Amino acid sequence: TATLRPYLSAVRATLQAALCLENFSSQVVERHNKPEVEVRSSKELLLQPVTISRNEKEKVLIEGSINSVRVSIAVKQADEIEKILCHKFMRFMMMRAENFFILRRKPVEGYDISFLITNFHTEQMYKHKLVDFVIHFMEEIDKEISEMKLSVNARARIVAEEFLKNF
Amino acid sequence: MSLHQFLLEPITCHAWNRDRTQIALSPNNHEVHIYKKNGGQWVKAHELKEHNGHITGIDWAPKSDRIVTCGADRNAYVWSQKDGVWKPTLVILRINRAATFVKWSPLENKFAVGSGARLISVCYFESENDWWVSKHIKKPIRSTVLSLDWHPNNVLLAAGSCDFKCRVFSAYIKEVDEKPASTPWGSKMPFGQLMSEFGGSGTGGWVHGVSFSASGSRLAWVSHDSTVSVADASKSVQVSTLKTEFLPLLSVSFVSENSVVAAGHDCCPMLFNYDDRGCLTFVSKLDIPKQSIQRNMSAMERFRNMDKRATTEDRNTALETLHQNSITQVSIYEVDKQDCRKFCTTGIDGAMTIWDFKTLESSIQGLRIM
Amino acid sequence: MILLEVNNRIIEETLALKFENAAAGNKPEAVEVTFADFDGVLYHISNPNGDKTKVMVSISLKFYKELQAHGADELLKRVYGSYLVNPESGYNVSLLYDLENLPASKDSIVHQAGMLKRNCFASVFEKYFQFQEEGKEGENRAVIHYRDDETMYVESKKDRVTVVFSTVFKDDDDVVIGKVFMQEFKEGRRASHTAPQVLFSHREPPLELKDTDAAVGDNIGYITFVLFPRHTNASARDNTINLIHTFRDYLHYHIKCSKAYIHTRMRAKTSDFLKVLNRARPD
Amino acid sequence: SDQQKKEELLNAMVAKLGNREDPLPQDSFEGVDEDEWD
Amino acid sequence: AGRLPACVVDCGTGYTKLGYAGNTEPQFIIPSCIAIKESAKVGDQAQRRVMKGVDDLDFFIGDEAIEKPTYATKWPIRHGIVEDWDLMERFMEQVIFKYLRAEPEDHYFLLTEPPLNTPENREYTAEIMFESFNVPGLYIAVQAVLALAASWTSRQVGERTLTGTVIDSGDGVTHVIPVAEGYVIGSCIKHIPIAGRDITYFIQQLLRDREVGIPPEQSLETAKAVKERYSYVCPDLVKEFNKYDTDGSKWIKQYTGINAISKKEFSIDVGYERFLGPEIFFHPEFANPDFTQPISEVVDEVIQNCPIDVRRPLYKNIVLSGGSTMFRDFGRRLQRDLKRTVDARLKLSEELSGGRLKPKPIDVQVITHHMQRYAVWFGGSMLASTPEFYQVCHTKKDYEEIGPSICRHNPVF
Amino acid sequence: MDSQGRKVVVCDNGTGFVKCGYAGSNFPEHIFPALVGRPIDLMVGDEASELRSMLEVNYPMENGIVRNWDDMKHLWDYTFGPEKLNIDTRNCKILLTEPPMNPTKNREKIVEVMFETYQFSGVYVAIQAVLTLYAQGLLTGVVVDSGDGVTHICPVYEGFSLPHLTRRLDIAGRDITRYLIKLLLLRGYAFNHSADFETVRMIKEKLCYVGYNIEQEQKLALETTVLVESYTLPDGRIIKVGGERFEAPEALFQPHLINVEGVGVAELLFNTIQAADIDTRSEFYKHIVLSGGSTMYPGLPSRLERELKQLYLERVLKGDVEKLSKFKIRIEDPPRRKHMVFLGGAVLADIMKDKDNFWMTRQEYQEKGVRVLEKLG
Amino acid sequence: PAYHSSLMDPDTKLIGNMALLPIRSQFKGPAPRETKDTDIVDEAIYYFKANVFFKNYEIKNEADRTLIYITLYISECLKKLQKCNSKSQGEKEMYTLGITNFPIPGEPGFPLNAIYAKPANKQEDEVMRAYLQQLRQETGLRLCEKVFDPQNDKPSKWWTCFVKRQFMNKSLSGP
Amino acid sequence: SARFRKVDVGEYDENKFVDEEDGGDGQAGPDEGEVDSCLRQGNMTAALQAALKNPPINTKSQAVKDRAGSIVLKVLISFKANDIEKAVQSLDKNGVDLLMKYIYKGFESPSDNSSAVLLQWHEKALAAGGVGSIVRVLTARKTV
Ligand SMILES: Nc1ncnc2c1ncn2[C@@H]1O[C@H](COP(=O)(O)OP(=O)(O)OP(=O)(O)O)[C@@H](O)[C@H]1O
Ligand SMILES: Nc1ncnc2c1ncn2[C@@H]1O[C@H](COP(=O)(O)OP(=O)(O)OP(=O)(O)O)[C@@H](O)[C@H]1O
Ligand SMILES: [Mg+2]
Ligand SMILES: [Mg+2]
């Protein structure tokens with residue numbers, strides 16, 4: 001509780017500095033625009049990777065380049081029902097990745113979800129609205145998972161009492 | 001602080017004519033639109049469609065009225081006006097990568113194109129057979145050239161690139177130019193000679209913008225690690241560097257002998273001072289926040305509102321600066337580098353802004369530009 | 001709905017339509033219907049040798065030899081009587097209805113025709129309640145292989161009747177959701193005090209089934225029902241038999257309905273994220 | 001192997017379905033007279 | 001109980017047909033409506049109720065959904081296209097576990113699709129079938145090939161091909177679809193916006209104009225019964241009016257209905273609407289003021305836009321389908337109008353050629369078969385009963401490693 | 001312009017278009033389509049093409065070689081008429097082009113039709129690769145041509161074509177269009193092979209490209225949604241094209257995807273260059289010129305240079321890495337690939353206009369007949 | 001499609017773009033006498049029950065304009081026959097309907113001004129008005145026996161169900 | 001067939017970008033004795049100012065950087081919550097940038113309750129130094 005707001009403030013301060021993008025054409029293959037964090041051909045166009053950790057489980061990894069940025073999020077998972085609901089919810093969002101425009105189809109290993117943002121998205125939208133969407137997404141996931149868990153338990157009690165009444 | 005919203009999609013680059021009555025700009029596609037001021041409104045006057053790729057550079061000569069364009073299709077065109085119709089002419093560049101930047105010479109007899117094939121192309125006009133020929137500067141460039149500037153004696157050139165260095169080259173062509181004189185930068189000027197190389201050791205930032213002064217003996221450049229640097233050639237070529245506390249800057253311009261105006265990802269122009277002793281200091285932001293943002297929404301009340309945001313933090317729906325996105329180009333609008341009174345800025349949000357020095361002197365307390 | 005039904009729907013509608021057509025004196029029509037049910041039971045409704053005045057219903061079960069050892073023929077003879085005939089080829093139990101000799105009341109015949117499978121399973125429970133009523137001891141347990149991997153054990157004691165189900169969950173999340181549901185079943189005697197006692201074990205068999213070759217594995221779970229003589233008398237045994245044999249399908253039905261409710265719940269959050277992302281454009 | 005399985009399935013469709021010579025269900029209804037349908 | 005048959009489900013705008021494979025007729029035909037409880041406040045998505053208890057299981061599908069007090073009736077499908085996926089999933093819950101009574105982990109499944117379907121709808125249907133109910137197999141089929149396969153029972157063994165034109169008419173939009181060698185030519189499918197609802201509305205407004213004594217709540221069911229029981233297609237119009245005016249004792253029928261609220265009987269006379277019902281297929285400007293083109297010109301414009309080498313097999317095989325094409329003497333009228341249009345075009349070409357070109361006369365056939373009302377279900381049922389079907393159908397394993405992209409493309413029959 | 005006052009006319013006869021102009025011009029004067037129309041009397045040229053619905057159409061020339069001779073004669077008297085050129089056929093010099101690997105009987109028939117029927121003063125025919133290298137300003141090189149029927153590789157040395165080294169590969173743009181039709185059918189969209197050729201041709205001209213490294217493009221296709229583009233059909237439906245954009249032009253390098261035996265274009269180019277003489281191999285590797293309609297894909301010369309470098313590493317140096325820096329190649333594509341053949345023919349007609357040995361004379365045709373054609377070499 | 005007349009003979013006279021067809025009547029008028037059994041009024045009564053549902057009519061001849069005018073007037077007859085209950089005041093109603101005037105073509109009250117050609121001079125106007133009045137009275141007297149049913153002496157339900165339908169969404173009386 | 005396609009010839013190119021190195025390996029980092037003495041006598045500000053001397057930015061050995069990070073994060077987790085902002089304001093710009101580099105190195109391997117202390121130090125260093133220090137962290141070629 002006390003660690004939540006400094007964690008989100010540090011993540012917001014780190015994402016503001018890494019979202020300064022620019023249009024750039026490929027110097028290896030002629031007439032190509034590629035995201036430089038994925039191809040990794042030229043080593044002078046990459047920045048240092050950074051991470052922010054709240055505890056031993058929750059962390060955020062940020063990797064940058066001249067025209068692209070990649071954000072990987074690890075989500076708090078307490079027990080078995082929470083991690084299977086988290087796995088179902090992340091699979092449900094990553095199937096519909098063509099409607100979001102900033103989502104990867106598969107996450108980076110060791111993490112749960114990844115965002116890939118290029119310079120066309122920050123040409124089409126504002127920067128601070130994208131930062132606000134990332135912070136709002138990270139806030140809403142845990143409340144959603146807790147409400148789903150409480151709904152499952154409140155359903156199961158009524159089903160058990162309805163079966164044992166008529167016997 | 002005059003804002004005009006042209007269009008919603010971003011503006012890549014812009015150019016003015018001699019009398020500052022017409023403007024030419026690219027609407028993030030393969031066409032060039034020329035707008036003319038009629039009465040008190042801007043109307044579209046001409047459209048130029050020849051390229052097959054993204055337009056990366058437009059320049060307009062003040063005397064001869066010719067427009068050079070370069071794009072990402074490895075091509076360059078020179079446009080001239082005949083009977084109210086603009087006609088193009090192809091320039092052979094002999095490059096295998098995309099082109100990034102184009103600048104005219106001060107005497108309008110050659111032009112320089114910086115491209116991504118680790119070279120700089122200098123193009124002039126051959127009139128015996130009537131086409132534009134080119135020459136190449138290659139060594140020791142190792143990456144993509146991002147910016148260019150011309151010395152006022154029509155010989156020297158300055159370049160910045162992605163190998164964290166800023167270089168000064170000599171571009172002297174015997175068929176067009178005459179014999180130059182001596183400079184504090186150097187004394188021996190063949191073609192392609194490296195005069196000076198600058199850059200930090202171990203601290204890597206991409207150089208986005210370079211600029212010369214009015215007299216031509218001082219150089220300034222900006223980088224990606226939030227640093228502004230000024231090199232002086234007369235005092236045995238010293239370099240002064242200032243580390244700012246803001247987002248990186250993408251443009252730079254000398255407005256006098258001792259004043260630097262810059263802009264970038266913080267959406268507002270800022271002013272820097274350079275004295276004769278060699279100290280680079282930060283003076284002020286030139287976009288003072290509107291009409292105080294109405295005493296900054298009542299100074300005591302926004303301090304209590306920051307206590308209210310310490311309770312419930314919510315985000316600002318519209319930024320208080322006159323540009324809602326980044327600024328990519330700063331240009332001088334009134335007279336020249338010797339006497340500057342107004343300047344123009346363009347940006348990603350699709351707006352054009354004209355600023356005046358006298359109104360900013362009158363509004364901002366204790367502000368004095370020289 | 002919450003509770004599952006007992007009687008079939010195809011047999012009742014088909015026989016009601018045929019009896020309503022035969023009551024009005026209209027011309028009869030041919031029929032040839034083949035279908036299935038829960039737990040791998042086959043059905044067949046046809047005409048014997050092309051005769052249009054007779055209808056014939058037949059059933060097919062894998063495990064009829066185990067149910068015949070506990071005396072399922074006499075219960076079917078007592079329930080149906082003259083409608084029971086020799087079985088069809090490839091089938092176990094066969095009935096026969098003649099359309100020219102129907103009685104005036106037709107709801108009860110259709111209702112007894114709908115409950116053929118419950119009348120097949122009822123004989124083991126009606127046998128083993130009588131041992132608890134008579135006070136016998138030392139009788140062997142009843143082992144029913146009602147599926148390929150699942151097994152029902154019935155045992156009788158002095159004051160208790162023990163029914164043990166063995167079940168296999170096919171997916172990994174179903175084990176967790178079934179653990180939640182059986183925890184709520186185990187705790188659920190706090191309101192009703194006449195409720196029977198339900199016990200649950202995971203990955204290991206219970207103690208009294210140590211002698212049998214019960215499987216040990218991660219997916220396999222064991223469910224124990226304890227029944228008292230307030231439920232096994234001669235006036236409240238019908239709803240007991242009607243409820244205890246439709247338990248596994250009830251559990252898996254509620255597991256699949258919970259997963260469908262979860263998939264319903266995710267869509268509103270996805271639509272809200274899409275609206276918040278689409279508001280950010282400068283259109 | 002889409003094509004080989006599909007042509008074996010089509011040969012199963014050809015060898016499977018029989019023929020009927022019963023009158024159509026439209027013939028039981030009443031309609032207009034026959035001889036002016038020309 | 002060694003092998004269990006597959007389940008065949010065909011959904012639609014008006015009716016849903018469901019049963020087991022290997023049979024000739026479907027076991028259930030139900031209306032496609034769902035009654036849900038809407039005791040909450042109207043027009044508030046935030047106040048749309050959290051199911052604290054089991055309150056999403058309080059609904060009724062099928063014929064029990066029609067006229068239930070304190071319930072709201074919803075129709076999830078507009079024109080063969082699913083608009084609400086939650087109501088479709090709750091529909092399939094009571095389809096599987098109540099009517100069919102089949103355990104979904106032991107049976108294969110066959111479903112149908114609209115003719116112009118995006119792959120995203122196939123991915124959503126595969127998600128609903130594989131993630132919630134855990135079926136071992138799923139196959140999504142094209143309706144025109146199933147109708148063309150079901151039309152083979154009136155045909156000899158040497159003439160069974162898979163090239164033809166399918167005219168489909170139900171409760172939505174009439175489709176004209178060309179099929180060449182088992183693949184649908186997708187750029188030539190045409191639509192006519194006339195179906196059984198427009199015919200029922202036209203008969204209802206004619207009965208509102210003429211007769212008296214009908215209760216206001218039971219006009220639509222009376223018009224539906226008059227349409228289904230007394231209707232035919234006439235060759236000419238003024239001769240039928242002469243037949244009805246000269247001899248009214250033979251051609252005028254009577255219909256008797258029962259009032260629901262008073263348990264009384266009413267009787268009406270059925271006259272001019274016996275033949276004026278189905279004539280809006282051939283004269284669409286009688287009811288719809290926008291569409292002014294008959295069905296035969298639409299069929300000729302479908303066939304004339306096809307490639308040239310398959311143009312003559314398409315005329316030789318025209319297959320009727322759907323429930324709205326069950327009127328008497330439909331195919332004779334369609335064949336006569338199509339032959340008149342074709343022969344007018346070739347005599348105009350022979351006049352303008354001046355003896356230079358002598359094209360052969362073509363043969364036009366319209367096929368009426370036995371299984372016309374349930375053709376798509378019959379084709380799916382005869383497809384699913386073969387042992388070769390299990391090698392073509394997808395598995396849950398290919399959904400597990402490869403993903404939802406296996407159900408975007410099916411092996412097209 | 002010569003001393004005798006007989007003008008020099010450059011006429012280029014491509015399959016899609018016929019262009020004509022004078023010697024020394026930097027742009028063609030007259031452009032027509034090649035078409036013969038018959039009403040259902042005989043309109044040839046531009047005026048058959050606007051009035052398209054009345055006239056049944058006929059294309060006389062297929063893949064650069066003429067199929068119907070009288071239709072080409074009507075094309076020639078349409079071009080040499082007063083409405084377009086207005087020239088006297090007895091007082092003109094004419095230069096013509098020919099496709100490579102041309103059979104000799106066609107060339108003899110073309111020379112017989114020019115010398116006997118129209119009675120031209122001077123007739124020359126030249127191979128288009130020499131005209132392309134004259135338009136570039138070079139003399140020695142290798143020309144790779146890819147159109148709609150076939151793909152040709154031909155080396156030109158000292159201004160003359162080497163006949164025994166010209167190679168042919170039977171892969172062109174229609175096979176790529178058919179492969180794109182099959183790949184779009186594998187995603188669930190309904191298409192037909194005969195009714196939907198032009199739409200998939202416009203999709204192929206708009207969206208496809210050539211990938212540099214295959215595993216990087218496949219990783220980007222199966223992990224990110226960057227490559228997904230949207231296209232609008234003429235009916236009104238919107239389709240989404242993803243990873244087929246690099247998979248469709250891969251049949252040029254791997255011919256076994258389209259069930260055609262053989263090798264790719266890079267192995268064919270390496271075996272063509274390496275079969276020549278040893279001392280002239282360094283001149284051929286530094287002058288490679290791309291031309292044709294199927295060579296306009298992005299990323300083609302980088303992939304060609306990479307495959308040539310890998311083949312030279314494997315089969316010459318046999319694993320030595322240190323000598324790879326000495327190997328120098330350069331593949332040049334023109335940025336002016338509109339009318340290169342006409343410009344090369346105009347330069348060749350301009351510079352070689354007054355010398356006697358170039359033009360074939362009518363008097364030697366009257367003396368000899370078909371024996372003048374040995375003076376081309 | 002729609003049904004057209006077939007009584008055109010090129011010896012017939014024209015009043016503008018009308019056709020001066022013969023009629024069988026006892027009323028005075030400028031129309032010639034008819035020797036044959038059929039005429040234009042019986043064909044209009046014959047084709048009224050099929051022509052009233054159409055909305056797009058294509059002109060092929062000159063007699064079709066006269067057929068369109070009689071078909072438009074028959075709905076105005078059927079509006080007056082709705083309210084009536086016995087025969088003899090039925091003919092007394094239809095005589096007073098036939099006496100009163102209507103807007104001729106060339107006037108702004110006429111609905112089909114685009115197709116119908118305006119008359120030129122005054123005797124053409126007099127001949128046209130007398131011809132339309134004779135056509136009006138004759139089709140009223142012919143419709144009086146066809147509408148009424150003799151066994152009950154009431155208007156028939158089969159004829160009075162065609163009141164609300166309009167031919168090409170037009171009306172002679174208008175709103 | 002395709003044996004030649006497995007060889008990557010792009011990294012044998014002469015014109016690729018090669019990083020430039022300067023300085024030897026003689027920088028041993030900060031010394032443990034003086035900061036241990038300043039921790040022993042209780043001078044926290046002198047311990048922080050002596051811990052930030054001699055950064056090992058040129059040595060390519062890993063163990064010197066690991067022991068320097070061990071001493072710096074050993075000093076940083078032994079402060080009270082109210083003595084942070086006095087110690088932050090005693091530094092110049094280069095000390096703020098070096099402290100931000102050590103804080104962002106310290107998030108790699110969390111243990112016990114050090115992350116809350118590092119978040120408080122990150123908040124005070126962000127309040128003193130601005131957002132340009134994070135950009136100078138991200139664009140550094142030689143890392144501590
Ligand atoms: N003689 C008839 N017999 C049965 N139905 C008839 C008849 N005449 C008309 N109909 C109409 O047929 C309709 C049934 O259409 P159908 O069952 O094909 O609908 P659907 O579910 O939309 O089908 P589809 O799957 O082909 O889209 C009903 O609305 C009914 O009024
Ligand atoms: N921008 C483009 N990208 C890819 N393919 C293209 C492009 N433009 C044209 N093509 C293809 O190139 C071919 C046309 O080539 P070209 O213009 O040389 O034709 P041609 O003169 O008829 O051919 P040929 O001389 O070989 O008979 C067609 O297959 C066309 O689809
Ligand atoms: Mg339908
Ligand atoms: Mg070509």
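Residues numbered from 1 in each chain as written, not as in the entry; some residues may be left out. Chains lettered and ligands numbered in written order. Heavy atoms only, no water.

The PDB entry lists chain G under the name Actin-related protein 2/3 complex subunit 3, with Bos taurus given as the organism. Here the PDB entry title reads "Coronin-7 CA bound to Arp2/3 complex". A UniProt comment under Subunit is attached to chain G, and it reads "Component of the Arp2/3 complex composed of ACTR2/ARP2, ACTR3/ARP3, ARPC1B/p41-ARC, ARPC2/p34-ARC, ARPC3/p21-ARC, ARPC4/p20-ARC and ARPC5/p16-ARC." Regarding chain G, the relevant UniProt record gives this comment under Sequence similarities: "Belongs to the ARPC3 family." (UniProt positions renumbered as here; feature names shortened; annotations may be inferred.)

Going by what the PDB entry lists, chain C is known as Actin-related protein 2/3 complex subunit 2 and is assigned to Bos taurus. Its UniProt record gives chain C the following Sequence similarities comment, quoted word for word: "Belongs to the ARPC2 family."

Asker: Even after reading the chapter, I still don't get the domain arrangement of chain C, so can you show me in this structure?
Answerer: When the parts of a complex come together, some accessible area is lost, and that lost area is often used as the size of the interface. Residue and element names in this part refer to chain C. Looking at chain C, the domain boundaries give domain 1 (1-131) and domain 2 (133-282). Counting residues at the interface gives 21 residues for domain 1 and 32 residues for domain 2. In terms of surface lost to domain 2, no three residues of domain 1 exceed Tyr-128, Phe-129 and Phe-131, which account for 29% of the buried area on that side. Where domain 1 touches domain 2, the interface holds 3 salt bridges. Put simply, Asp-39 and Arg-147 hold a salt bridge, and the shortest N to O gap is 4.0 Å. Summed over the shared surface of domain 1 and domain 2, the number is 11 residue pairs in polar contact. For the side of domain 1 that touches domain 2, the secondary structure elements donating two or more residues are α2 (64-69) and α5 (116-134). Sort the elements by how many residues they give to the side of domain 1 that touches domain 2 and α5 lands first, with 10 residues. Grouping the constituent residues of the side of domain 1 that touches domain 2 by class yields 14 nonpolar, 2 polar and 5 charged. (Domains from an automatic or database assignment. Contact = heavy atoms within 4.5 Å. Buried area = accessible area lost by both parts, 1.4 Å probe. Salt bridge = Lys/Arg side-chain N within 4 Å of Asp/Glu carboxyl O. Polar contact = N/O pair within 3.5 Å; in protein donor to acceptor, adjacent residues only side chain to side chain. Helix = DSSP H or I, 4+ residues; strand = E, 2+ residues; numbered from the N terminus. Nonpolar A, V, L, I, M, F, W, Y, C, P; charged D, E, K, R; others polar.)

Asker: Please explain the sheet that holds strand β2 (residues 15-20) of chain E as it appears in this structure.
Answerer: Hydrogen bonds between backbone atoms are what pair the strands of a sheet, whose relative direction is either parallel or antiparallel. Residue and element names in this part refer to chain E. A sheet is described by the order of its strands in space; here 5 strands give the open sequence β3-β2-β1-β7-β8, paired in mixed fashion. Where the open sheet ends on each side, the last strands, each with one partner, are β3 (28-31) and β8 (138-142). Looking at each pair of strands side by side, their axes are set apart by 20 degrees on average, direction ignored. (Pairing = 2+ DSSP bridges. Axes fitted to C-alpha atoms, helices over the stretch in contact; angles between N-to-C directions.)

Asker: Can you walk me through the interface of chain A and chain C in this structure?
Answerer: Listed per partner, the contact involves 37 residues of chain A and 37 residues of chain C. Of all residues in chain A, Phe-163, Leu-164 and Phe-167 of chain A bury the most surface against chain C, accounting for 20% of the area lost on that side. At the surface where chain A touches chain C, the tally comes to 3 salt bridges. Here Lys-88 of chain A and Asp-173 of chain C are joined by a salt bridge, their closest N and O atoms 2.8 Å apart. Those elements that place two or more of their residues in the side of chain A that touches chain C are α3 (80-95) and α5 (127-165) of chain A. In terms of residue count, α5 of chain A provides more of the side of chain A that touches chain C than any other element does, 20 residues in total.

Asker: Help me understand unusual backbone geometry, please; the structure alone is not making it clear to me.
Answerer: Trans is the prevailing form of peptide bonds, just as negative phi is the prevailing case for residues other than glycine. Along the chain, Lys-139 of chain B connects to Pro-140 of chain B via a cis peptide bond; the corresponding omega equals -5 degrees. Phi is positive for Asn-134 of chain E, which is not a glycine, with a value near 60 degrees. The backbone phi angle of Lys-263 of chain E is positive, close to 55 degrees, even though this residue is not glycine. Along the chain, the position of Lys-263 of chain E falls in the loop between β13 (253-258) and β14 (265-270). Take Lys-263 of chain E: its relative accessible area is 66%, and that puts it in the exposed class. (Buried < 20%, exposed > 50% of the residue type's maximum accessible area, 1.4 Å probe, protein only.)

Asker: How should I be thinking about the sheet that holds strand β3 (residues 68-73) of chain A in this particular structure?
Answerer: Residue and element names in this part refer to chain A. Taken in spatial order, the 4 strands make up an open sheet running β1-β2-β3-β4, and their pairing is antiparallel. The strands lining the two open edges of the sheet, one partner per strand, are β1 (50-53) and β4 (113-118). With direction set aside, neighbouring strand axes in the sheet form an average angle of 15 degrees. Here β3 runs beside β4; their pairing, made up of 6 bridges, is antiparallel. Across the sheet, residue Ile-73 finds its bridge partner in β4, namely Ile-113. Packing against the sheet, helix α1 (residues 4-17) makes contact with β1, β2 (59-64) and β3, and its axis sits at approximately 170 degrees to β1.

Asker: How should I be thinking about a negative patch on the surface in this particular structure?
Answerer: Residue and element names in this part refer to chain F. Among the surface-exposed residues, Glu-158, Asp-277, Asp-279 and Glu-283 lie close enough to one another that they form a single negatively charged patch. Considering the arrangement of structural elements, one finds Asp-277 in the loop between α9 (265-274) and α10 (281-285). Given a relative accessible area of 47%, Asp-277 falls into the partly exposed group. (Patch = residues over 30% accessible without salt bridge, like charges linked within 9 Å, V, L, I, M, F, W, Y side chains within 5 Å. Areas by Shrake-Rupley, 256 points an atom, 1.4 Å probe, with all protein chains shown as cover. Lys, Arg positive; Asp, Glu negative; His and termini not counted. Charge placed at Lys NZ, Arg CZ, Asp CG, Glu CD.)

Asker: Even after reading the chapter, I still don't get the interface of chain H and chain B, so can you show me in this structure?
Answerer: Of the residues lining the interface, 15 residues belong to chain H; the matching set on chain B comes to 16 residues. Taking both sides of the interface into account, the surface hidden between chain H and chain B amounts to around 1,300 Å²; carbon and sulfur atoms contribute 52%. Contact with chain B buries surface across chain H, with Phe-17, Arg-136 and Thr-139 of chain H losing the most and accounting together for 38% of the total. Remark: the boundary between chain H and chain B carries 0 salt bridges. On the surface where chain H and chain B come into contact, there are 5 residue pairs in polar contact. If you list the elements that add at least two residues to the side of chain H that touches chain B, you get α5 (93-106) and α7 (132-138) of chain H. Classifying every residue of the side of chain H that touches chain B gives 4 nonpolar, 6 polar and 5 charged.

Asker: Got a minute to help me understand the site of ligand 1 in this structure?
Answerer: Residues and elements named next belong to chain E. Lining the immediate environment of ligand 1, one finds 15 residues, of which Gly-12, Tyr-15, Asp-171, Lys-227 and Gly-323 sit closest. For ligand 1, an oxygen atom lies 2.7 Å from a polar atom in the side chain of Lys-227. Separating an oxygen atom of ligand 1 from a backbone N or O atom of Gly-323 is a distance of 3.3 Å. Sorting the residues of the shell around ligand 1 by element identifies β2 and α5 (219-229) as the ones contributing at least two each. (Near = heavy atom within 4 Å.)

Asker: Just to check I follow, could you spell out the arrangement of the chains for this structure?
Answerer: Highest in contacts among the 13 pairs of chains that touch are chains A and C. Chain C makes no contact with chain D; the smallest distance between any of their C-alpha atoms is 14 Å. One finds no contact linking chain C with chain H; the least C-alpha distance across the pair is 24 Å.

Asker: How do you make sense of the pattern of salt bridges when you look at a structure like this?
Answerer: Side chains that differ in sign of charge can pair as their charged atoms come close. Within this structure, the stated rule accounts for 100 salt bridges over all chains. The salt bridge involving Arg-74 of chain B is made with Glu-30 of chain A; its shortest N-O contact spans 3.6 Å. With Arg-74 of chain B in the loop between β7 (67-71) and β8 (76-82) and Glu-30 of chain A in the loop between α1 and α2 (36-39), this pair bridges two chains. For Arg-74 of chain B, a relative accessible area of 11% corresponds to the buried category. Where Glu-127 of chain E meets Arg-96 of chain A, a salt bridge forms, and the shortest distance between an N and an O atom there is 3.7 Å. Of this pair, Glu-127 of chain E sits in helix α2 (residues 119-131) while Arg-96 of chain A sits in the loop between α3 and β4, which puts the two residues in different chains. Several salt bridges share partner residues, and in doing so they unite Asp-39, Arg-147, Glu-150, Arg-248 and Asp-249 of chain C together with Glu-103 and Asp-106 of chain E into one network.

Asker: What am I meant to see in the pairing of β8 of chain B here?
Answerer: Along any regular strand the residues' side chains alternate between the sheet's two faces. Residue and element names in this part refer to chain B. In terms of strand pairing, β7 meets β8 through 4 bridges, oriented antiparallel. Note on β8: the bridge partner recorded for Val-68 is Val-78. Across 7 bridges, β8 lies against strand β9 (residues 85-91) in antiparallel orientation. Paired with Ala-76 across the two strands is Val-91, which belongs to β9.

Asker: Where do I start with the pairing of strand β7 (residues 109-113) of chain E in this structure?
Answerer: All names here are of chain E. Where burial is concerned, most of β7 is hidden: 5 out of the 5 residues are buried. Looking at chain direction, strand β1 (residues 7-10) and β7 are connected through 3 bridges and run parallel. By the bridge assignment, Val-9 is partnered in β7 with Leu-111. Each parallel crossover has a hand, and for β7 linked through α2 to β8 it is right-handed. (Right-handed = clockwise from strand over helix to strand, strands pointing away.)

Asker: Just to check I follow, could you spell out the site of ligand 2 for this structure?
Answerer: All names here are of chain F. Around ligand 2 sit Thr-15, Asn-63, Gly-147, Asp-148, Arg-201, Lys-204, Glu-205, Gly-293, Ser-294 and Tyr-297, and those are all the residues in its vicinity. In the environment of ligand 2, an oxygen atom lies 3.3 Å from a nitrogen or oxygen atom belonging to the side chain of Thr-15. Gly-293 is positioned such that a nitrogen or oxygen atom in its backbone is 3.3 Å from a nitrogen atom of ligand 2. Relative to its free-state accessible area of 660 Å², ligand 2 is covered by the protein chains to the extent of 67%. Per-class residue counts for the shell around ligand 2 are 1 nonpolar, 5 polar and 4 charged. Taken domain by domain, the makeup of the shell around ligand 2 includes at least three residues from each of domain 2 (128-171 + 261-336) and domain 3 (172-260).

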